[PDB]
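Novice: Protein chains in written order, with PDB author numbering: chain 2, 47 to 92; chain c, 31 to 56; chain 9, 14 to 137; chain i, 32 to 128; chain XR, 10 to 50; chain XU, 2 to 113, 125 to 153; chain d, 62 to 100, 115 to 292; chain XY, 63 to 240; chain XV, 15 to 216.
Ideal Cβ placement from N, Cα and C applies to all residues, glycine included.
To start, I am sharing the structure in question, which I have written as structure tokens.
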Amino acid sequence: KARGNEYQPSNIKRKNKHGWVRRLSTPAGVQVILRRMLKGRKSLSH
Amino acid sequence: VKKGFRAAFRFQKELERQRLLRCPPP
Amino acid sequence: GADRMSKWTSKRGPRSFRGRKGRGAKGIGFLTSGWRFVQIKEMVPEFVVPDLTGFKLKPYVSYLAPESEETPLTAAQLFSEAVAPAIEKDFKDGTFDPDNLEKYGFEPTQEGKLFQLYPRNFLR
Amino acid sequence: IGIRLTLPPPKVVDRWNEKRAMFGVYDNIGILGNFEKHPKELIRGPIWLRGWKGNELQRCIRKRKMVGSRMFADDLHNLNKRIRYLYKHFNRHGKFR
Amino acid sequence: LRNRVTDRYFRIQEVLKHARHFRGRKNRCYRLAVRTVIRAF
Amino acid sequence: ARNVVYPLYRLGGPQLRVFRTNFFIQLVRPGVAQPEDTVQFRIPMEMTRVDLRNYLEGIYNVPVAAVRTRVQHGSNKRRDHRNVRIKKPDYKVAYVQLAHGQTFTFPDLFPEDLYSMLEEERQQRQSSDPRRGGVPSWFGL
Amino acid sequence: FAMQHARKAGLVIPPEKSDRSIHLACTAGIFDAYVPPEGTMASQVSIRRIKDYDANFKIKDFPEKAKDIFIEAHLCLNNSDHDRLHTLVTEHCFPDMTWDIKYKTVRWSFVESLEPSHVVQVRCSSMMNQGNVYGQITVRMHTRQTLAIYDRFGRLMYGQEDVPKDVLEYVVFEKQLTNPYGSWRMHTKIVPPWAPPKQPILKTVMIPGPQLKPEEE
Amino acid sequence: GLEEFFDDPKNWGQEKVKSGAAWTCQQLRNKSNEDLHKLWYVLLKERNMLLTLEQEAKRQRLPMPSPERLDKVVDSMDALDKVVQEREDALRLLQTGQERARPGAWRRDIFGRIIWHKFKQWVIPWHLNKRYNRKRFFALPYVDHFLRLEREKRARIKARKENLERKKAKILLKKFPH
Amino acid sequence: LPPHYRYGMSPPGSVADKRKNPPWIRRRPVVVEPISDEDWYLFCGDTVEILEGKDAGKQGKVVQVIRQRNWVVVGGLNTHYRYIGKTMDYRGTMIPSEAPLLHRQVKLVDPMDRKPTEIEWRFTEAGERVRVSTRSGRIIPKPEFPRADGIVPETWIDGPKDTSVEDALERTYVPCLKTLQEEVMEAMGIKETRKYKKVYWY
RNA sequence: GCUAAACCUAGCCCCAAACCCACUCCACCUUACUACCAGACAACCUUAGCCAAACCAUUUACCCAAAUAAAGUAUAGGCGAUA
RNA sequence: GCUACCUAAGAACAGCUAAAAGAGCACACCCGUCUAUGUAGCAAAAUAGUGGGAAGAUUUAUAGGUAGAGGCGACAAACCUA
RNA sequence: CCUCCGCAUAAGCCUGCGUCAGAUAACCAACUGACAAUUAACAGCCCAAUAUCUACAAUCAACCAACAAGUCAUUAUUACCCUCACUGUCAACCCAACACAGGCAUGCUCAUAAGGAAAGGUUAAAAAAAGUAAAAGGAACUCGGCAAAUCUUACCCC
Ligand SMILES: [Mg+2]
Ligand SMILES: [Mg+2]
Ligand SMILES: [Mg+2]
Ligand SMILES: [Mg+2]
Ligand SMILES: [Mg+2]
Ligand SMILES: [Mg+2]
Ligand SMILES: [Mg+2]
Ligand SMILES: [Mg+2]
Ligand SMILES: [Mg+2]
Ligand SMILES: [Mg+2]
Ligand SMILES: [Mg+2]
Ligand SMILES: [Mg+2]
Ligand SMILES: [Mg+2]
Ligand SMILES: [Mg+2]
Ligand SMILES: [Mg+2]
Ligand SMILES: [Mg+2]
Ligand SMILES: [Mg+2]
Ligand SMILES: [Mg+2]
Ligand SMILES: [Mg+2]
Ligand SMILES: [Mg+2]
Ligand SMILES: [Mg+2]
Ligand SMILES: [Mg+2]
Ligand SMILES: [Mg+2]
Ligand SMILES: [Mg+2]
Ligand SMILES: [Mg+2]
Ligand SMILES: [Mg+2]
């Protein structure tokens, strides 16, 4: 009907989908961390 | 800031002319 | 959306995370048999407090004390000032060898000693 | 407004110092030094710019050919992109074709 | 930026001078007067 | 101690002992009215009620009956000129129910030259009456 | 109200701790007021201390320099020479003399001196003044001057530049002994009560009455 | 029992409290050991009292009388800890020849950023536990690119710094004749 | 503290200093000639002579010094005037306030000659520091000054929380080689029959 | 007359030369920054394509180890573009 | 983390007929037939009324899964963070 | 005068209308600075091993009655001293760019003991929106009984 409410928050789903451990388990998830520390972002993962 | 002072000199001349027109001495 | 810069904490999560996270408090016991906890007097710390009876020292020092040039302690100085007397007297009077070194004081094997030095068991 | 109200500080220009008095010296060293040296090894500068002139393409190709292995990643990347763009520009674009 | 114009004020203000007596926003603004001063000339 | 590794105890082993502790406590006046026997402390996030019990019993030699624990959240609302959030440090709190008849109460602490020259000048100064008409009160004529 | 508002707002501050000290050149107030009449050994000891701290010092020449300093300070007021006026006047005497005259000029000329200026008494300060000392002298002066005050717009508030009027005052000078660079400078005035009031102003004046907050009385 | 959380009540409401000089690490070295163990608890009690005074002062919205007293006792305890840690350092280096008093080793992480990984206390061996095996102390080839990139970045920052300080010296030597 | 900070007359942390230099302010820096601590030869309390600026050709006593800006604060010299009273209703009593002065602007003085004479930074034969005068050499001593930490080291009295000098200086150390914890244990008289068992480390 | 306007520093770019980094107080691969228990789980693969060829389908420069020159020669190529 | 579909283990469904029901009236609940308003709106798809179903092929909270040369789909070329 | 909302739990954010001072639809402040605060029994944070046992739904579970065939248990042996620690506990709060007329599972209340205020003031022009009432006629308007009103029959295509 009406949009905008796509983000129904859940900390569990968040930490599982965009988590340090998932990023470190998948190889490309290490490449994102490296690109991000190279740019200098404070939060390397979520 | 823009470099150069020839234009600043010309503008000082115009400013002092305007000042004389505004409050000319006797 | 959610905040990233704010540090993850026990407050933020659901029941499970709120219960499992912990705010840095160290362990004291274990948990078994229907959430029954068990602490132990061997894992509990025991503050060792001496009596202050007949105690002269005071937390602050008067300005009358003279300034002293700094001499940081070190191993060579310690050995030369503490053990060298025994070593040299036993040398020039009796006889010794690399053996009989525990007499002068030395732990060739650390374990078997209560207070280990590396890895050190005690704290501070 | 872009013009400035007050004048800037007057430039001090010492027309007589080390470089301005010694300027151009030892430029004919080859001509009146029994040709022991050419003036092109005199200039202090990059290794790929020493007695050599060229346009953008020539300069970038010379850079990557001579000192390209010592280049940083982003620098070599954008250099190759530059020479690619300049190749197709100089060869396809403009009048006189 | 290495080469920038400093006398734009004067080069526009001579035209503004010629255009002072005009009516409306022409006398004040520049692009509106440029279309008019050449016409007056 | 805080920020110090403990020795892992396993069955039939020695007993853990602290000699030079590092934990520091903040006796504070409460904002809410606790009973007379109660005391309130502000302490680090690492301490707990049992080690605080041993602490008070050994250091200050005071009998302690019960202890409750709380955590307070430092407000992360403040923002600098950079719009970066400033967080106040968190702190744990310890509510100590005292022994048989201690009945503690937080006591009162704060019940009770150029400056002299300044006040001398001030009490020497006299305000010009309106009859003067804004004239300086200096000249004689 | 400063401390109360500070505590209520939360602007808690520590005392200013610093080795530096605020140095001054004139003590506030006076040590001894020569209450004039309706018309001693202490001063002798004072002069002895003055001579001790500063051997090069005479008394009978003091009234001349005093009158000179007076008239030249008034000329400096006319000319607006505030730098030398400061060098010759103390920080206590500068405000009351130069505060209200802002937004307006002034005219003051010295016609003559009917009676010669005469020393009245001398006082010396105790050592407990920030580890320094200051000496005071009092001098009666009886002369004839003119005064004329034009406001912002150049119209006279009162006084006339042509007609002088006899005038009597008791001026007080003081000097810093600890430093050698200090010189005698005007400090204050006594304005005794028994003296008559000066000439009023040509303009008429009113005052606002008690403003009755909305409740009669 | 609890008055030791507060100074002498006659000092209450006083703006300036007397306080002595700080402790000297040389003095603590020269002194004994159990004397230092006792002085530790002395300084602990004093520090608790001072911090209670500070917090109550902030509560009442007033300043404290003697602020430097606090950092005095703090630096005293700091020098004490330093002296004792130096004693045990020398003792360890005499017995074994170890300086850090906690096992560690240089190891390369998956990010290629080699670091001094320290050791924890474990009951079962590393080859039998499963949690430790996942830490994956090694980097793969694709990380060398990013390592080179961060190296280039460090080079850029460093070169910028040197050029800037050279410019500073140049401009000040230009302005000043010398 | 922030970079490119301005060390004005007021000290750090003071209300005036923080209102003059808030955290967000970013003004131009100040160009000060480099001056090493070895080359520095100006200490507080020393007599100094000035020959330019306001009140040129005078001498006085240094009140303090700012080593960052190479500034000197002399009492009663180079003084402007400022009000201090509450300007809301009271006018504000006037008082003199000193100005800073540069080391190149100020000159030192000999105690005997009381004249401006340049300085050199030598080592006396007995060692190991001396400040010497120009053509006619005179050794220049340092000015005496009350340290800020202790208001008086001579007129000092031992408080209750202060320890005696004899107790502070007297040493009771014993090079026993023994561990602190163990020596504390046997000083208490306590013992523990249980031996610490081995554990892994990784 | 207001709104406004002006400034000159912070610093940065290209080169040269020179090789370069790590609290060693606690914590950080489980939901990273979380003191503490039995898993057997490990990587080694042609770059492609846009575009040019006036469409497109073979093809179409992109470094890898001395600057210049030989030489844009020998050669290759829907023997065309081009290499 | 919306959505299409699925997995694990859960929850909701008044009252009245019928008394068996992929049955009927009808709240909650789900959906969105019709009308008007609104159209930079209360809203980047809503509001009032009227409407279909509402013990089932029902609705729905929670954690997980299927990833684009693809998934999923009671095929509308639907849906896969406006 | 309303209340179809409320209370609380879960989920979610994280100090976000508590005290004190301040200037700054109306500025109680929901804005800034300091101070305090939410105290576990409630809920999370668990289970030594080996082998072994575990056909018979629920629906008041009784009868009847089935189909879509269903959410629950131990046992023998070995080892087994101690004890109650840690973590959430606030709010006018969540996702929709907003203090949004929108969306939001669960237990109780089913008209409230709880929670709220449609009208800033005046006049009562047009046009417009939402309703109420209407003489006689009662679809003649209209593409069409759209809408409103009332409770109504019969027949076709798919
Ligand atoms: Mg969005
Ligand atoms: Mg959902
Ligand atoms: Mg975000
Ligand atoms: Mg709790
Ligand atoms: Mg192809
Ligand atoms: Mg049905
Ligand atoms: Mg139905
Ligand atoms: Mg329809
Ligand atoms: Mg429809
Ligand atoms: Mg149905
Ligand atoms: Mg039913
Ligand atoms: Mg179809
Ligand atoms: Mg179609
Ligand atoms: Mg419980
Ligand atoms: Mg709650
Ligand atoms: Mg919904
Ligand atoms: Mg109510
Ligand atoms: Mg209203
Ligand atoms: Mg309205
Ligand atoms: Mg209205
Ligand atoms: Mg009708
Ligand atoms: Mg009909
Ligand atoms: Mg019709
Ligand atoms: Mg019809
Ligand atoms: Mg029709
Ligand atoms: Mg209808």
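Could you tell me whether the region 106-121 of chain XY touches the region 137-151 of chain XU, using the rule of 3 or more Cβ pairs below 8 Å?
Specialist: Result no; under three Cβ-Cβ pairs closer than 8 Å.
Novice: Pull out every residue of the region 19-35 of chain 9 whose Cβ sits closer than 9 Å to any Cβ of chain 2, in chain order.
Specialist: Going along the region 19-35 of chain 9 in chain order, one finds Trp21, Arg25, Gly26, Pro27, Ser29 and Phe30 with a Cβ nearer than 9 Å to chain 2.
Novice: Can you give the Cα-Cα distance for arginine 50 (chain XU) and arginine 69 (chain XU), rounded to whole angstroms?
Specialist: Locating residue 50 (chain XU) in the sixth sequence gives position 49, counting from the first residue. Locating residue 69 (chain XU) in the sixth sequence gives position 68, counting from the first residue. About 7 Å.
Novice: If distances are taken between C-alpha atoms only, which option among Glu67 (chain i), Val44 (chain i), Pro41 (chain i) and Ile74 (chain i) comes closest to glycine 55 (chain i)?
Specialist: As a working note, residue 55 (chain i) is residue 24 in the fourth sequence. Checked all of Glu67 (chain i), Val44 (chain i), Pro41 (chain i) and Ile74 (chain i); the closest Cα to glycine 55 (chain i) is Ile74 (chain i).
Novice: Roughly how many angstroms lie between the CA atoms of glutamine 82 (chain XV) and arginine 83 (chain XU), to the nearest whole one?
Specialist: Position 68 of the ninth sequence holds residue 82 (chain XV). Position 82 of the sixth sequence holds residue 83 (chain XU). Answer to the nearest angstrom: the Cα atoms are 29 Å apart.
Novice: Output, in chain order, the set of chain 9 residues within a Cβ distance shorter than 9 Å of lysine 88 (chain 2).
Specialist: Within the first sequence, residue 88 (chain 2) is the residue found at index 42, counting from 1. Ordered by position in chain 9, the residues that pass the 9 Å Cβ test against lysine 88 (chain 2) are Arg17 and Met18.
Novice: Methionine 202 (chain XV) to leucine 72 (chain d), Cα distance in whole Å?
Specialist: Taking the ninth sequence and counting its residues from 1, the one referred to as residue 202 (chain XV) is at position 188. Taking the seventh sequence and counting its residues from 1, the one referred to as residue 72 (chain d) is at position 11. Roughly 51 Å between the two C-alpha positions.
Novice: Do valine 44 (chain XV) and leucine 234 (chain XY) come within 8 Å of each other at the CB atom, strictly closer than that value?
Specialist: The residue labelled residue 234 (chain XY) in the question sits at position 172 within the eighth sequence. The residue labelled residue 44 (chain XV) in the question sits at position 30 within the ninth sequence. In this structure, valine 44 (chain XV) does not lie closer than 8 Å to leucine 234 (chain XY) by Cβ.
Novice: Run the CB neighbour count on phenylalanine 119 (chain 9), radius 10 Å, all protein chains shown included, and call it buried at 16 or more, exposed below.
Specialist: Stepping through the third sequence from its first residue, residue 119 (chain 9) is reached at position 106. Classification for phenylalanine 119 (chain 9): exposed.
Novice: Taking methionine 281 (chain d) as the reference, which of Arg21 (chain XU), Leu153 (chain XU) and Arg144 (chain XU) has the closest Cα?
Specialist: Walking along the seventh sequence from the start, residue 281 (chain d) turns up at place 206. Closest option to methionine 281 (chain d), Cα to Cα, is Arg144 (chain XU).
Novice: Using a threshold of 7 Å, is the CB atom of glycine 14 (chain 9) nearer than that to any non-hydrogen atom of ligand 3?
Specialist: Reading the third sequence from its first residue, position 1 is the one you call residue 14 (chain 9). Yes.
Novice: Taking 8 Å as the threshold, find out whether the region 35-44 of chain 9 comes into contact with the region 139-156 of chain XV through three or more Cβ pairs.
Specialist: Because the criterion of three Cβ pairs below 8 Å is not met, the region 35-44 of chain 9 and the region 139-156 of chain XV do not touch.
Novice: Does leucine 9 (chain XU) have its Cβ less than 8 Å from a Cβ in chain XV?
Specialist: For the purposes of this step, residue 9 (chain XU) is taken as residue 8 along the sixth sequence, with counting starting at 1. Closer than 8 Å to some Cβ of chain XV, the Cβ of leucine 9 (chain XU) qualifies, so yes.
Novice: Quick one: grab the DSSP three-state call for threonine 162 (chain d).
Specialist: The residue you call residue 162 (chain d) lines up with position 87 of the seventh sequence. Reduced to three states, the DSSP call for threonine 162 (chain d) is helix.
Novice: Can you check whether the C-beta of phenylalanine 20 (chain XU) is within less than 8 Å of a C-beta belonging to chain 9?
Specialist: Here residue 20 (chain XU) refers to the residue found at position 19 of the sixth sequence. Taking Cβ atoms only, chain 9 reaches closer than 8 Å to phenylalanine 20 (chain XU), which makes this a yes.
Novice: Touch check for the region 32-44 of chain XU and the region 93-103 of chain XU: three-plus C-beta pairs under 8 Å?
Specialist: Yes, they touch.
Novice: Tell me whether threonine 49 (chain XU), by its Cβ, gets closer than 7 Å to a heavy atom of ligand 4.
Specialist: What you label residue 49 (chain XU) is simply residue 48 of the sixth sequence in a count that begins at 1. No, Cβ of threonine 49 (chain XU) sits at least 7 Å from all heavy atoms of ligand 4.
Novice: Report the rounded CA-to-CA distance for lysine 223 (chain XY) versus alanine 231 (chain XY), giving the unit in angstroms.
Specialist: Translated into the one-based positions of the eighth sequence, residue 223 (chain XY) becomes position 161. Translated into the one-based positions of the eighth sequence, residue 231 (chain XY) becomes position 169. Between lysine 223 (chain XY) and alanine 231 (chain XY), the C-alpha separation is close to 12 Å.
Novice: With 16 as the cutoff for other CB atoms within 10 Å, does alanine 70 (chain d) come out buried or exposed?
Specialist: Your numbering for residue 70 (chain d) matches position 9 in the seventh sequence. By the 10 Å Cβ count, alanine 70 (chain d) comes out exposed.
Novice: Sort out for me which residues DSSP pairs residue 274 (chain XY) with in a bridge.
Specialist: With chain XY covering 63 to 240 only, the question about residue 274 (chain XY) has no answer from this structure.
Novice: Spell out whether any CB of chain XV is found under 8 Å from the CB atom of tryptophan 188 (chain XY).
Specialist: What you label residue 188 (chain XY) is simply residue 126 of the eighth sequence in a count that begins at 1. Yes, because at least one Cβ of chain XV sits closer than 8 Å to the Cβ of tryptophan 188 (chain XY).
Novice: Who are the Cβ neighbours of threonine 93 (chain XV) in its own chain at under 6 Å, not counting the five residues just before and after it?
Specialist: As a working mapping, residue 93 (chain XV) is identified with position 79 in the ninth sequence. Here the set comprises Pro110 and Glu112.
Novice: Following the continuous alpha helix (DSSP H) through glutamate 116 (chain XY), name the residue where it begins and the one where it ends.
Specialist: Here residue 116 (chain XY) refers to the residue found at position 54 of the eighth sequence. Looking at the DSSP string, the run of the alpha helix (DSSP H) that includes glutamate 116 (chain XY) is 96-122.
Novice: Nearer than 7 Å: is that true of the beta carbon of residue 165 (chain XU) relative to any heavy atom of ligand 4?
Specialist: Here chain XU covers residues 2 to 153 and nothing more, so residue 165 (chain XU) does not appear.
Novice: How about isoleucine 74 (chain d) and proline 71 (chain XY): do their beta carbons lie closer than 8 Å?
Specialist: Taking the seventh sequence and counting its residues from 1, the one referred to as residue 74 (chain d) is at position 13. Taking the eighth sequence and counting its residues from 1, the one referred to as residue 71 (chain XY) is at position 9. No, the pair does not count as a contact, with Cβ atoms beyond the cut-off.
Novice: Mind listing which residues of the region 98-115 of chain XV have their C-beta closer than 9 Å to chain d's C-betas, in chain order?
Specialist: Answer set for the region 98-115 of chain XV: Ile98, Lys100, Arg105, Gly106, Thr107, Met108, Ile109, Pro110, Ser111 and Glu112.
Novice: Please list the partners that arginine 75 (chain i) has in chain c, where partner means a Cβ-to-Cβ separation under 7 Å.
Specialist: One-based indexing of the fourth sequence puts residue 75 (chain i) at position 44. Here the premise fails: no neighbours, minimum Cβ distance about 28 Å.
Novice: Tell me, please, whether the CB atom of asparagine 254 (chain d) is closer than 8 Å to any CB atom in chain XV?
Specialist: Numbered from its first residue, the seventh sequence carries residue 254 (chain d) at position 179. Cβ-Cβ to chain XV under 8 Å: yes for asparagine 254 (chain d).
Novice: What do you reckon, is the C-beta of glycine 50 (chain 2) under 7 Å from a heavy atom of ligand 1?
Specialist: Position 4 of the first sequence, counted from the first residue, corresponds to residue 50 (chain 2). Because some heavy atom of ligand 1 lies under 7 Å away, the Cβ of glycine 50 (chain 2) counts as near it: yes.
Novice: What whole-angstrom Cβ distance do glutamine 122 (chain XY) and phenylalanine 105 (chain XU) have, given they're in contact under 8 Å?
Specialist: In the eighth sequence, counting from the first residue as 1, residue 122 (chain XY) sits at position 60. In the sixth sequence, counting from the first residue as 1, residue 105 (chain XU) sits at position 104. Contact doesn't hold; Cβ gap of about 19 Å is too wide.
Novice: Could you tell me the alpha carbon to alpha carbon distance between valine 57 (chain 9) and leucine 113 (chain XY), rounded to whole angstroms?
Specialist: What you label residue 57 (chain 9) is simply residue 44 of the third sequence in a count that begins at 1. What you label residue 113 (chain XY) is simply residue 51 of the eighth sequence in a count that begins at 1. Whole-angstrom Cα-Cα distance: 27 Å.
Novice: How about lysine 71 (chain i) and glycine 64 (chain i): do their beta carbons lie closer than 8 Å?
Specialist: For the purposes of this step, residue 71 (chain i) is identified with residue 40 of the fourth sequence, where counting begins at 1. For the purposes of this step, residue 64 (chain i) is identified with residue 33 of the fourth sequence, where counting begins at 1. Against a cut-off of 8 Å, the Cβ pair of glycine 64 (chain i) and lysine 71 (chain i) comes out as no contact.
Novice: Would you call the region 226-237 of chain d in contact with the region 188-207 of chain d, where contact means no fewer than 3 C-beta pairs closer than 8 Å?
Specialist: Touching, no, given that fewer than three Cβ pairs across the two stretches are closer than 8 Å.
Novice: Between which two residues does the beta strand (DSSP E) carrying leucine 99 (chain XU) extend?
Specialist: Position 98 of the sixth sequence holds residue 99 (chain XU). Looking at the DSSP string, the run of the beta strand (DSSP E) that includes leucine 99 (chain XU) is 92-99.
Novice: Quick check: is the beta carbon of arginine 51 (chain i) nearer than 8 Å to any beta carbon in chain c?
Specialist: Here residue 51 (chain i) refers to the residue found at position 20 when the fourth sequence is read from its first residue. Answer no: the Cβ-Cβ gap between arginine 51 (chain i) and chain c never drops below 8 Å.
Novice: Answer yes or no: does any C-beta atom of chain 9 fall closer than 8 Å to that of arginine 86 (chain XU)?
Specialist: Numbered from its first residue, the sixth sequence carries residue 86 (chain XU) at position 85. Closer than 8 Å to some Cβ of chain 9, the Cβ of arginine 86 (chain XU) qualifies, so yes.
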